[PDB]
């Protein structure tokens, strides 16, 4: 259902050059997880029914940065600002989504297709649209399904985004990585989720909710058995996520 806009040849060239600079920067700084969190929090506020929120550059706003959910994303914005200044032709909207695609690529994940053209919009969405780690399967469906408009398959595959990074007790209050290799994008999140608790590793109630749901669980099983299948469904869901409200 997407009709992507035309951007100038100079715009396309800056996308390709920023993509490369982003790989080197994100790899050296070890910030892929944070960058994937910035792209997701930017996109995941989309509400399909009113067409507000979504990946439109507004996360750099002090007001959206203020959102509790956005704990420490002010660091992400700060880290990218010097690099962004090198590409003044690109929208922040595009640049943040491109950082998210790069974060997944440089940690070894699938190549999520990217289309430029998102415009930077003046108003951040209301606070409170991002999911709550303490809630379960109904809440995930309200958030990904009723608000963003993603499928049940997308919810499980996108949860696998937790295969990189960690929680921090000074940010959310949860603490620690989901996997033994938190800078490597793989299907380990699902493997660890299934095998139960292990010292040093995190499972949120929202992650565990995938285990008891009649539709989520067979997807958890599929992805733990077949990383190629995880990667295919992940790239599909991330692409849709990064394009919410864009080019419809």
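Residue numbers count along the first chain shown, from 1.
- Look at the mean CA B-factor for 60-68 and for 211-219 in the entry; the higher one is 60-68.
- Look at the C-alpha B-factors of 138-146 and of 163-171. On average they run higher in 138-146.
- Within the group 84, 118, 78, 129, the record's highest C-alpha temperature factor is found at 129.
- Per-chain ranking of the deposited C-alpha B factor places residue 54 in the highest third.
- In the deposited entry, the Cα temperature factor of residue 105 places it in the lowest third of its chain's modelled residues.
- The entry lists a Cα temperature factor for residue 34 that places it in the lowest third of the chain's modelled residues.
- Looking at the C-alpha B-factors along this chain, the one for residue 74 belongs to the highest third.
- Sort the chain's modelled residues by C-alpha temperature factor and residue 186 lands in the middle third, per the entry.
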